[PDB]
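K.L.:
My questions all concern the structure below.
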Amino acid sequence: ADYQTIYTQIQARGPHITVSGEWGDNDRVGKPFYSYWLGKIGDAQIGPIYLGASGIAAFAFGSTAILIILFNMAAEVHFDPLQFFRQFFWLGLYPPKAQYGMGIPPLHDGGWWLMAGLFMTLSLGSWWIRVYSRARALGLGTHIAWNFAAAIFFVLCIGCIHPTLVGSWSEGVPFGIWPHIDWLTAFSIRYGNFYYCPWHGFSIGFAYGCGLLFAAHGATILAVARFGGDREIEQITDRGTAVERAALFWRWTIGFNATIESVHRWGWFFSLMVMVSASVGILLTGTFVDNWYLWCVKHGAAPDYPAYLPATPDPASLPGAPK
Amino acid sequence: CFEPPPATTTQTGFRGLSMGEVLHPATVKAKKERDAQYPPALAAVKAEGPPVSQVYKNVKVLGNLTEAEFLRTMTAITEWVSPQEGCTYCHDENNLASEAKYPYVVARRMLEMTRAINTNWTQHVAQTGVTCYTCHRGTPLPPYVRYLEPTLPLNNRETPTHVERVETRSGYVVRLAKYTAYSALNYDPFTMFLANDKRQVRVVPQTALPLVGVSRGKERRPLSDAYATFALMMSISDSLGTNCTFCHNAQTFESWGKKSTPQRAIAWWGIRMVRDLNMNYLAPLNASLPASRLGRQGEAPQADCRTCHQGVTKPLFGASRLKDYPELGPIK
Amino acid sequence: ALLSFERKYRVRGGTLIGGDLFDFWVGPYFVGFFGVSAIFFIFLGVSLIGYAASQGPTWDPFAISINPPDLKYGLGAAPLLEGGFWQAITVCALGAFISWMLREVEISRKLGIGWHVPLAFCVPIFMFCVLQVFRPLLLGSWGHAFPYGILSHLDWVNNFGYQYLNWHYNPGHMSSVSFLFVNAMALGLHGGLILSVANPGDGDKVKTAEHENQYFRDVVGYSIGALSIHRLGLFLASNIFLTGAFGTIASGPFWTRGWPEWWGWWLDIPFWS
Amino acid sequence: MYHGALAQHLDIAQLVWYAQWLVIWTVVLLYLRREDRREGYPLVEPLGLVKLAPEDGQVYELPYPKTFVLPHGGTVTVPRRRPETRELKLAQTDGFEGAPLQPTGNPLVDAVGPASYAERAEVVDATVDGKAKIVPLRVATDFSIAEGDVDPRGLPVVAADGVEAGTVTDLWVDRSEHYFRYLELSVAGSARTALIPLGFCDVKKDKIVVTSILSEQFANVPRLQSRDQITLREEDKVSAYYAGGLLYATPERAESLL
Ligand code: BCB
Ligand code: BCB
Ligand code: BCB
Ligand SMILES: C/C=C1/c2cc3[nH]c4c(c3C)C(=O)[C@H](C(=O)OC)c4c3nc(cc4[nH]c(cc(n2)[C@@H]1C)c(C(C)=O)c4C)[C@@H](C)[C@@H]3CCC(=O)OC/C=C(/C)CCC[C@H](C)CCC[C@H](C)CCCC(C)C
Ligand SMILES: C/C=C1/c2cc3[nH]c4c(c3C)C(=O)[C@H](C(=O)OC)c4c3nc(cc4[nH]c(cc(n2)[C@@H]1C)c(C(C)=O)c4C)[C@@H](C)[C@@H]3CCC(=O)OC/C=C(\C)CCC[C@H](C)CCC[C@H](C)CCCC(C)C
Ligand SMILES: CC(C)=CCC/C(C)=C/CC/C(C)=C/CC/C(C)=C/CC/C(C)=C/CC/C(C)=C/CC/C(C)=C/CC1=C(C)C(=O)c2ccccc2C1=O
Ligand code: HEC
Ligand code: HEC
Ligand code: HEC
Ligand code: HEC
Ligand SMILES: CC(C)=CCC/C(C)=C/C=C/C(C)=C/C=C/C(C)=C/C=C\C=C(C)\C=C\C=C(/C)CC/C=C(/C)CCCC(C)C
Ligand SMILES: CCCCCCCCCCCC[N+](C)(C)[O-]
Ligand SMILES: CCCCCCCCCCCC[N+](C)(C)[O-]
Ligand SMILES: CCCCCCCCCCCC[N+](C)(C)[O-]
Ligand SMILES: [Fe+3]
């Protein structure tokens, strides 16, 4: 077996490299240090970190959002520190419970939620600028930023775009561990079972495919690490036996194959499509479809099944039944 | 952390749909033994003599019974409601027609309520019916009642923690969670849905596309109604010791016909019956109760699904005393 | 027929069974003995699906559903129309999947590469067994397994979840979901990164390994490195099912209540109760 | 009336369903599957004789060429014509189209099958700032073994047959990634040096075990041009040599394990 694919047997140390960027080389703070146990399964060097304007703006806005959330959470346990740790998972900051439409809600019923939403959104935009500009500063393409953009766009969809399209802030995602989980069922119940939303299906198809692709790609590179397949950039520009064997393994298995470069386009595309499909689904939901199951029945797609115990009429529609 | 196998499972939908009950035998046995404490029927007595309307002085509900029949009732009532306290719980030792103790007047209304249940709500209690025991289980205060705010523990026979106490505000989220099967849902399904008939449980649209005029802005129900319905369903499931598939094919929670079991219809009647009981029999009794029975808003204790069911899909696993005590209903 | 670089790799040997008898290609496809067994099982399973589907109500692909037997048949054979076809198809599936895996190890040996890919492919085969074999064994019926249909298998996932009131609170599920999410995110990052170095645009020159690490050190203060991200990605993806299988096997055999209630081990410690 | 309704039983969501499939198949078929073909295409047939005109599908399946501007000068364009020139010492075991080839000589030296190397540039891989990337420690003197880990320098190398075959004299390190990739070893009784990819090395505290080749086979490991640097093609030649041993070191390794 190739033990190098499991962990680094003999680690190496050397002077720390610094690639210069078009700006901000002085905003790298911290002194690098080395972790021997990290170095078994990764690169041993931790830090320094770049510390630009957008990154600080992100930390500023983020912490503001975190603080607004934590304070409202603590209010929910009347500031008892012990119950706060006990009940942490169950605590939350909720959008309005009452229907104000799109009017700004009272602070006690969703205003603080809206506030925390604003500052998180600013934090996401600020970090996006960091992710984008750091690439151009180092003379790299902006591929990560465009993937990250789709992920931010999906959050905005469930956070505020879908609420504004249907016209009620009551539909946003709460802040908190269990409560953001509870939203998923409330939403799916409201809109007629999300299994029958084709864009749920698409998103899941791509999410599962990301698991398929990264398991397959990761396994492939490790299987050709003896020929240096991990040095992917120079295998793109000068095809070595590593990527020839990787390409032929797949070709002989499934009948076709990618290149060392194109496999990353596949992976990038699949990842992006998780978020793009999710967003189309949310954008259609509530605006143009009210019950995804009935929409599938309307178009003849839903499965049906025999009764097992007897079919049961809606009692509310029998004559003389109470309301 | 975990419950050792095997599990008992049942089937409630077409094969391949994963519908049905999942039960831990130990737990079922412990509930079976708790419920087997149901006292057996007192021996039948011969109907003899005049109606007790002519014999006793203050008999307004049970007036058509004979003396032995009526005293048999009174023995059964004491066994079901106040066995440890005895007949003197409701009566003055020296004047059995005195209404001076509040349990007397309450018991009279409870008699009317119980026969109402067995006569007007057969759509829910069928031929099984209820007795005083179904709720009370041998104590004057039933172990599973609800106030207009959640209380812990669920069984009022256990002693509350400082945090469990309703006046400790830091314990509200936990009081609420334990009523909704430990979910973080931020809604009290009892005051929302079971205390009165003001709210609609259904939230799911019955059309594929959104209907213009109910689908935008303030025309829309807030999403919180869906959280609230879900919370009601968590609470209902936990109260019967069962899961959603007992009543629903989760393919379409809102559909009836093949998508619902007959138990879902019975449950629907149960919601209406509990509303009738609370609005018309139990909530008015804050006039007749001491202040130590009332909640922080002067409300009487009221009933939910757990009051009768106590964690079993049929109260007391289907035990019945209807044929043994005709005077409790149904009434022609 | 052949890629420009392929011929020098197309050598004899590396099989596990049969030696020369099946050591050949058909078009791009390597065959081998497990190539043959795979096609056998695929042909058998697809036949049974077709025969079973024709005895059913519809031909709409979204509505076809081959279902397991009623629970009352326990672990026994069930009549073909009411569960038997499901039983037969399931065995063909396992035959096909395992054949496919073993075929990949043969291809791996011939090329002189690691067996990591069939190894990784064991994880989803294992998960399939958890759902269709192991958990139904532990509960005592094939009836607890999921049905074969595009949309019907979602109805089973659906009801299965709601049998425990809110499946999201299943701790094995929480772990599984977290790996699905971070895996999809890492693959975007890894693919994004590689493309960004090889394709800076504008006729600018392609960058370097050191540029790769500089980028992530700058943005998040750490860079795991080229070889390591591939190890991590296999680890992340594999743990979607490796941890998930516990949350699945637990539900029913080792837990019968709702999954929210399970967290009482934390909430109900007397110290802060 | 209904949000999202259109005339004649159409709704918007139904249209988006079609559009979404169209987008997917467009990207997969017209973009990704052509990107997949920037290597190894056009394919090779039993002699493509039509030198006068290309067959239509071969033009259609290819993307427009792209040019990489290399970091230390030069350009690479893909796809491009790159036939494999060198004579392969293989013979067809049958007349069938996809019958396997057999090695006629010694497949490790002849560099066929798992021993094949790619025809990469006879060029030394470079650091960001132009230095040689893969260098032995005698040259890379500001690099050390990390404290904790076996220093293999001095340890013996045991081959598959259990025979000591040489002694590890140096580690080659990747200066770009801070990662050791090869051990250098003197092959006992042959007055030469050989490189070994770490991935073929079982690093124990008293020995380096190497199961891919026999002790005698260390004699014909591809040699380098220079002592203190390596070219990309040499890296391929060296790595491939041991991988070829997995199938060829003994007659029994190519036959079925069962
Ligand atoms: C425990 C939970 C499970 C689950 C939960 C689930 C959900 C919630 C959703 C799906 C969806 C899907 N599932 Mg399903 N599922 C599927 C297959 C499918 C596809 C129909 C679809 C998209 C899959 C995908 O893109 O993956 C990534 C793989 C890729 C991209 C490679 C391509 C695979 C190809 C598209 C699959 C096509 C398979 C054929 C339709 C079936 C084979 C037919 C035979 C005759 C050849 C198989 C083959 C299995 C097996 C063998 O176990 C399986 C098990 C499960 N699914 C478990 C039961 N799955 C989605 C859907 O839209 O269903 C309608 C969906 O929303
Ligand atoms: C009962 C209810 C269910 C439900 C309800 C549901 C809803 C309501 C929605 C989904 C959605 C999705 N569901 Mg689904 N679901 C899924 C899978 C999925 C995902 C693939 C998809 C997209 C979500 C995502 O990736 O977010 C992970 C990624 C996120 C959230 C992006 C975050 C990026 C952000 C930049 C991160 C930054 C954070 C900051 C650093 C932190 C700062 C915080 C501080 C300041 C507070 C599977 C595999 C199954 C199975 C097996 O049954 C399933 C069943 C269910 N879902 C049931 C049907 N699901 C979404 C969808 O696709 O709908 C069409 C969706 O909207
Ligand atoms: C109401 C019910 C829900 C539910 C019920 C549920 C259940 C009951 C189970 C899961 C499980 C899982 N859920 Mg969950 N879920 C998930 C995500 C997930 C997955 C990560 C995880 C594993 C799925 C699996 O086993 O695939 C299975 C995939 C397999 C087996 C692939 C087999 C492939 C095979 C080897 C090869 C197939 C070959 C083809 C036939 C060949 C054809 C190819 C063609 C192209 C030639 C998300 C992201 C969400 C969101 C966003 O809400 C969600 C919500 C829900 N889940 C709802 C709450 N979910 C599973 C889990 O791990 O739980 C802990 C699980 O058992
Ligand atoms: C399919 C597409 C997937 C996808 C894609 C992508 N996702 C990306 C990118 C892409 C392309 C990036 O380029 C960017 C990034 O930068 O990666 C390195 C990023 C992000 N996705 C994060 C979280 C996330 N993605 C989720 C999901 C999906 N994403 C879906 C699945 C989910 C889920 C599932 O809920 C979560 C929680 C953060 C790590 C990060 C934003 C931080 C932020 O917006 O600041 C917000 C400001 C703060 C102050 C928050 C502070 C804490 C966080 C953890 C940040 C701490 C970092 C700090 C450097 C620590 C110092 C350590 C040092 C001392 C040693
Ligand atoms: C965490 C680990 C991840 C992971 C990993 C890996 N995945 C791999 C590899 C690795 C490493 C490969 O090396 C191998 C491959 O070669 O890649 C191209 C492979 C593969 N992953 C496939 C499907 C896949 N991966 C999924 C998930 C993950 N994978 C997770 C995420 C999912 C879902 C649902 O998520 C799907 C659908 C096939 C494409 C391919 C097998 C082909 C096959 O097996 O041929 C043999 C079988 C056939 C060609 C058809 C057989 C038909 C049977 C007999 C009759 C049908 C019965 C069937 C049960 C009916 C179902 C109906 C349905 C509607 C319910
Ligand atoms: C008729 C007959 C007798 C035949 C005998 C021969 C025989 C056994 C034939 C088999 C016939 C069968 C069953 C064919 C079916 C083939 C199958 C299962 C195809 C599935 C294809 C699917 C859907 C794959 C999903 C994954 C996906 C999107 C892949 C696209 C990208 C690719 C090609 C990834 C593979 C791949 C990865 C993962 C790399 O890392 C890598 C690194 C460097 C170079 C190349 C690659 C590479 O090609
Ligand atoms: C509360 C739950 C009671 C207990 C315990 C007992 N009794 Fe009772 N009794 C109760 C009520 C509400 C009434 C009025 C009934 C009606 O139909 O209006 C009665 C009535 C009687 C009577 C008739 C008295 C009279 O009006 O003259 C008798 C003789 C009587 N009760 C006796 C009795 C005995 C012996 C009990 C213990 C076995 C007993 N009662 C318990 C309420 C309650
Ligand atoms: C559930 C549907 C009930 C049935 C059936 C019966 N009772 Fe009841 N009772 C119920 C509640 C929720 C309450 C309020 C809590 C309380 O303690 O008041 C009561 C109350 C009483 C009382 C008053 C006891 C006290 O407050 O100390 C009495 C005397 C009583 N109930 C008697 C009684 C009898 C005789 C019943 C059968 C004819 C009966 N109850 C049925 C709930 C339910
Ligand atoms: C039987 C004792 C039930 C169990 C267990 C669960 N539900 Fe239920 N549900 C039940 C009824 C009788 C009704 C109708 C209520 C009415 O007053 O009309 C409902 C309703 C729902 C709905 C709303 C459907 C709609 O038309 O909008 C939902 C979404 C729902 N139920 C979900 C649900 C879930 C998730 C459950 C397990 C947690 C569950 N129900 C259990 C009866 C019963
Ligand atoms: C006492 C007054 C009750 C209250 C309050 C509720 N239920 Fe009930 N239920 C009661 C009886 C006596 C029976 C009959 C048992 C029998 O053998 O038929 C029932 C039955 C049900 C069922 C049927 C279960 C079955 O296995 O067929 C269901 C689903 C049910 N009850 C649900 C239910 C709900 C949701 C309630 C709160 C709204 C509820 N019940 C209250 C007695 C009483
Ligand atoms: C014009 C103005 C007035 C209105 C528009 C404002 C606007 C743009 C609002 C947008 C709001 C949005 C996008 C809301 C979206 C909210 C979403 C998706 C929330 C989702 C999940 C939240 C979770 C899980 C939060 C949990 C909170 C905590 C755990 C407490 C915070 C503490 C932490 C340490 C955070 C850790 C989070 C994680 C890394 C573990
Ligand atoms: C919507 C996000 C707004 C955030 C504003 C704060 C970010 C400042 C951006 C500074 C970028 C400077 N630059 C281009 C040289 O990197
Ligand atoms: C996971 C959900 C998938 C459900 C797929 C249903 C798609 C229906 C699209 C119908 C196309 C329109 N038409 C005319 C053919 O009915
Ligand atoms: C539900 C998500 C759909 C994902 C579709 C991706 C499938 C890849 C198809 C590969 C096609 C192969 N080939 C050679 C025919 O082009
Ligand atoms: Fe890669």
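In the structure tokens, each chain is lettered A, B, ... as it comes, each chain's residues begin at 1, and ligands are numbered from 1 in order of appearance.
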Using only C-alpha atoms and all ligand atoms, determine which residues fall within 7 Å of ligand 5, then list them as a short mmCIF file (atom, residue, chain, number, x, y, z; two decimals) with N, CA, C and O atoms, in the first residue's frame.

P.N.:
data_model
loop_
_atom_site.label_atom_id
_atom_site.label_comp_id
_atom_site.auth_asym_id
_atom_site.auth_seq_id
_atom_site.Cartn_x
_atom_site.Cartn_y
_atom_site.Cartn_z
N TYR A 208 -25.70 15.28 -4.09
CA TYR A 208 -25.23 13.90 -4.11
C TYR A 208 -24.08 13.71 -5.10
O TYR A 208 -23.15 12.95 -4.85
N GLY A 209 -24.16 14.37 -6.26
CA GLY A 209 -23.11 14.25 -7.25
C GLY A 209 -21.80 14.87 -6.79
O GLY A 209 -20.72 14.42 -7.18
N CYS A 210 -21.88 15.91 -5.96
CA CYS A 210 -20.68 16.46 -5.36
C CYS A 210 -19.99 15.42 -4.47
O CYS A 210 -18.75 15.29 -4.48
N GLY A 211 -20.78 14.66 -3.71
CA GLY A 211 -20.22 13.53 -2.98
C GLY A 211 -19.63 12.49 -3.91
O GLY A 211 -18.53 11.98 -3.68
N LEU A 212 -20.36 12.15 -4.97
CA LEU A 212 -19.84 11.18 -5.93
C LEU A 212 -18.53 11.70 -6.53
O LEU A 212 -17.51 10.99 -6.52
N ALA A 215 -15.54 12.10 -3.86
CA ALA A 215 -15.04 10.78 -3.51
C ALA A 215 -14.26 10.21 -4.68
O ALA A 215 -13.13 9.74 -4.52
N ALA A 216 -14.83 10.31 -5.89
CA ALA A 216 -14.18 9.72 -7.05
C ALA A 216 -12.89 10.46 -7.40
O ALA A 216 -11.87 9.83 -7.67
N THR A 253 -13.65 2.16 -17.37
CA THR A 253 -14.69 1.78 -16.42
C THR A 253 -16.07 2.17 -16.91
O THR A 253 -16.96 1.31 -16.99
N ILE A 254 -16.27 3.46 -17.26
CA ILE A 254 -17.57 4.01 -17.66
C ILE A 254 -17.67 4.33 -19.15
O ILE A 254 -18.75 4.73 -19.61
N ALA C 38 -21.28 -8.37 -14.13
CA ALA C 38 -22.03 -7.12 -14.06
C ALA C 38 -23.13 -7.08 -15.12
O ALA C 38 -24.30 -6.81 -14.81
N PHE C 41 -25.99 -9.51 -14.27
CA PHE C 41 -26.88 -8.98 -13.24
C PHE C 41 -27.66 -7.77 -13.73
O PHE C 41 -28.84 -7.60 -13.41
N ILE C 42 -27.02 -6.90 -14.51
CA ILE C 42 -27.75 -5.76 -15.04
C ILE C 42 -28.88 -6.24 -15.94
O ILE C 42 -30.03 -5.80 -15.82
N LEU C 44 -30.39 -9.14 -15.96
CA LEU C 44 -31.41 -9.80 -15.15
C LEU C 44 -32.28 -8.78 -14.42
O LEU C 44 -33.52 -8.83 -14.49
N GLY C 45 -31.64 -7.82 -13.72
CA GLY C 45 -32.40 -6.84 -12.96
C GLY C 45 -33.31 -5.99 -13.83
O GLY C 45 -34.46 -5.72 -13.48
N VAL C 46 -32.81 -5.57 -14.99
CA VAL C 46 -33.61 -4.72 -15.86
C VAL C 46 -34.76 -5.51 -16.47
O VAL C 46 -35.86 -4.99 -16.65
N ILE C 89 -35.07 -8.22 -7.66
CA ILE C 89 -34.35 -7.04 -8.16
C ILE C 89 -33.27 -6.62 -7.18
O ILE C 89 -32.16 -6.24 -7.58
N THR C 90 -33.56 -6.67 -5.87
CA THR C 90 -32.58 -6.28 -4.88
C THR C 90 -31.32 -7.12 -5.01
O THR C 90 -30.20 -6.58 -4.95
N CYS C 92 -30.14 -8.72 -7.68
CA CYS C 92 -29.45 -8.28 -8.89
C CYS C 92 -28.68 -6.98 -8.67
O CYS C 92 -27.54 -6.83 -9.14
N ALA C 93 -29.29 -6.03 -7.97
CA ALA C 93 -28.61 -4.78 -7.65
C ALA C 93 -27.29 -5.05 -6.93
O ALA C 93 -26.23 -4.58 -7.36
N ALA C 96 -24.83 -6.58 -9.28
CA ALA C 96 -24.31 -5.57 -10.19
C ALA C 96 -23.30 -4.65 -9.50
O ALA C 96 -22.22 -4.37 -10.04
N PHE C 97 -23.65 -4.14 -8.30
CA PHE C 97 -22.77 -3.17 -7.63
C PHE C 97 -21.43 -3.81 -7.28
O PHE C 97 -20.37 -3.23 -7.54
N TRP C 100 -19.35 -4.40 -10.20
CA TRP C 100 -18.78 -3.15 -10.67
C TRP C 100 -17.54 -2.76 -9.85
O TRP C 100 -16.52 -2.35 -10.42
N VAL C 117 -10.14 3.92 -5.62
CA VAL C 117 -11.44 4.29 -6.17
C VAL C 117 -12.46 3.20 -5.84
O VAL C 117 -13.50 3.53 -5.25
N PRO C 118 -12.22 1.91 -6.16
CA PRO C 118 -13.16 0.88 -5.68
C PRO C 118 -13.35 0.91 -4.17
O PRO C 118 -14.47 0.67 -3.69
N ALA C 120 -13.42 3.57 -2.30
CA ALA C 120 -14.39 4.62 -2.03
C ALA C 120 -15.78 4.18 -2.46
O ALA C 120 -16.77 4.43 -1.75
N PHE C 121 -15.87 3.48 -3.60
CA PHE C 121 -17.15 2.96 -4.08
C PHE C 121 -17.76 1.93 -3.14
O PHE C 121 -18.95 1.61 -3.28
N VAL C 123 -18.27 2.50 0.03
CA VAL C 123 -19.11 3.25 0.96
C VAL C 123 -20.56 3.32 0.49
O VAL C 123 -21.46 2.98 1.29
N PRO C 124 -20.87 3.72 -0.75
CA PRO C 124 -22.29 3.75 -1.14
C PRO C 124 -22.91 2.37 -1.24
O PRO C 124 -24.12 2.23 -1.01
N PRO C 147 -38.81 1.32 -1.63
CA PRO C 147 -39.31 0.82 -2.91
C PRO C 147 -38.54 1.42 -4.08
O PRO C 147 -37.96 2.50 -3.97
N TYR C 148 -38.54 0.70 -5.20
CA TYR C 148 -37.81 1.14 -6.39
C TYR C 148 -38.78 1.92 -7.28
O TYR C 148 -39.62 1.34 -7.97
N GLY C 149 -38.65 3.25 -7.24
CA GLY C 149 -39.41 4.14 -8.08
C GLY C 149 -38.86 5.53 -7.96
O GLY C 149 -38.48 5.93 -6.86
N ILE C 150 -38.81 6.27 -9.08
CA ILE C 150 -38.26 7.63 -9.10
C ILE C 150 -38.85 8.47 -7.98
O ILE C 150 -38.12 9.03 -7.14
N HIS C 153 -39.66 6.28 -3.99
CA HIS C 153 -38.65 6.14 -2.94
C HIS C 153 -38.57 7.41 -2.08
O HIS C 153 -38.18 7.33 -0.91
N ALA C 237 -16.47 13.22 1.82
CA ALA C 237 -17.56 12.54 1.10
C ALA C 237 -17.92 11.22 1.77
O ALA C 237 -19.09 10.96 2.07
N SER C 238 -16.91 10.38 2.05
CA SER C 238 -17.18 9.07 2.66
C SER C 238 -17.95 9.19 3.96
O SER C 238 -18.79 8.34 4.28
N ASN C 239 -17.70 10.25 4.72
CA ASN C 239 -18.36 10.35 6.01
C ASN C 239 -19.81 10.80 5.90
O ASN C 239 -20.51 10.74 6.91
N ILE C 240 -20.28 11.20 4.72
CA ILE C 240 -21.72 11.39 4.53
C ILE C 240 -22.47 10.12 4.89
O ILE C 240 -23.44 10.15 5.66
N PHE C 241 -22.02 8.97 4.38
CA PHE C 241 -22.68 7.70 4.67
C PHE C 241 -22.08 6.98 5.89
O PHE C 241 -22.81 6.30 6.62
#

K.L.:
Within 8 Å of residue 176 (chain D), counting only C-alpha atoms, which residues show up once you throw out same-chain ones fewer than 4 positions away? Write them as a list in words, please.

P.N.:
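In the requested format, the answer is residues 209 and 210 of chain C; 127, 128 and 133 of chain D.
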
K.L.:
With C-alpha atoms retained, write the just-selected residues as a tab-separated table (two decimals), in the first residue's frame.

P.N.:
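Dumped everything to result_3.tsv:
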chain	number	residue	atom	x	y	z
C	209	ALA	CA	1.62	25.63	-6.25
C	210	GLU	CA	2.83	28.48	-4.04
D	127	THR	CA	9.71	27.19	-7.91
D	128	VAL	CA	7.80	30.50	-8.07
D	133	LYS	CA	11.64	22.59	-7.29

K.L.:
Only residues of chain B matter here; which ones have an atom within 7 Å of chain C, counting only C-alpha atoms? Give them as a ChimeraX atom specification.

P.N.:
/B:1-7,11,15-19,22-24,161,163,181-183,234,243-245,249-251

K.L.:
Could you check the closest approach to ligand 1 for each of C:173, C:8, C:217, C:231 and tell me which residue wins, using only C-alpha atoms and all ligand atoms?

P.N.:
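Closest to ligand 1 of all the choices is C:173.
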
K.L.:
Can I get the residues close to ligand 14 as an MDAnalysis selection string, where close means within 12 Å and we count only C-alpha atoms and all ligand atoms?

P.N.:
(chainID A and resid 198:210 212:213 250:251 254:258 266:267 269:271 273:274 277) or (chainID C and resid 28 150) or (chainID D and resid 20:37 61)

K.L.:
Pick out the chain B residues within 7 Å of chain A. Count only C-alpha atoms. Give them as an NGL selection string.

P.N.:
:B and (12-14 or 169-171 or 184-185 or 203-205 or 207-210 or 216-218 or 221-224 or 226-227 or 252 or 256-258 or 260-262 or 265)

K.L.:
As number ranges by chain, could you give me every residue of chain D near chain B (at most 6 Å apart, counting only C-alpha atoms)?

P.N.:
D: 1-3

K.L.:
Convert the current residue selection to file output with C-alpha atoms, as a PDB file, in the first residue's frame.

P.N.:
ATOM      1  CA  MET D   1     -57.367  33.624 -10.985  1.00  0.00           C
ATOM      2  CA  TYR D   2     -53.912  32.199 -10.383  1.00  0.00           C
ATOM      3  CA  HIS D   3     -50.433  33.600 -10.022  1.00  0.00           C
TER       4      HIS D   3
END

K.L.:
Quick one: residues within 9 Å of ligand 10, with only C-alpha atoms and all ligand atoms, as a PyMOL selection string?

P.N.:
chain B and resi 114+117-118+121-122+124-131+134-135+194+233+236-237+239-240+246-247+262-275+277+303-309+312-320

K.L.:
Would you mind listing what lies within 9 Å of residue 42 (chain B) as a list in words, with only C-alpha atoms counted and same-chain residues fewer than 2 positions away left out?

P.N.:
residues 39, 40, 44, 45, 72, 73, 75, 76 and 324 of chain B

K.L.:
Pull N, CA, C and O atoms from the residues just selected and write them as a short mmCIF file (atom, residue, chain, number, x, y, z; two decimals), in the first residue's frame.

P.N.:
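Here's the written file result_14.cif:
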data_model
loop_
_atom_site.label_atom_id
_atom_site.label_comp_id
_atom_site.auth_asym_id
_atom_site.auth_seq_id
_atom_site.Cartn_x
_atom_site.Cartn_y
_atom_site.Cartn_z
N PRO B 39 -60.22 -0.08 38.12
CA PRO B 39 -61.04 -0.96 38.97
C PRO B 39 -62.11 -1.68 38.16
O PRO B 39 -62.69 -1.11 37.22
N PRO B 40 -62.38 -2.93 38.50
CA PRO B 40 -63.40 -3.69 37.77
C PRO B 40 -64.80 -3.20 38.10
O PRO B 40 -65.01 -2.50 39.10
N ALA B 44 -73.56 -6.07 39.57
CA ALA B 44 -74.85 -5.50 39.21
C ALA B 44 -75.83 -5.63 40.37
O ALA B 44 -75.75 -6.56 41.18
N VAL B 45 -76.75 -4.68 40.47
CA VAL B 45 -77.75 -4.70 41.53
C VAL B 45 -79.12 -4.76 40.87
O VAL B 45 -79.31 -4.28 39.75
N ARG B 72 -74.72 2.33 44.06
CA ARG B 72 -73.66 1.66 43.31
C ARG B 72 -72.85 2.68 42.51
O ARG B 72 -71.61 2.65 42.53
N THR B 73 -73.54 3.59 41.81
CA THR B 73 -72.89 4.74 41.18
C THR B 73 -71.97 5.47 42.16
O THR B 73 -70.78 5.66 41.89
N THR B 75 -70.60 4.56 44.89
CA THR B 75 -69.40 3.79 45.20
C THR B 75 -68.40 3.84 44.05
O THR B 75 -67.20 4.01 44.29
N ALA B 76 -68.88 3.69 42.81
CA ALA B 76 -67.99 3.74 41.65
C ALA B 76 -67.32 5.11 41.53
O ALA B 76 -66.11 5.20 41.28
N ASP B 324 -71.53 -1.65 31.90
CA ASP B 324 -71.65 -1.81 33.35
C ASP B 324 -72.25 -0.60 34.04
O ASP B 324 -72.78 -0.73 35.15
#
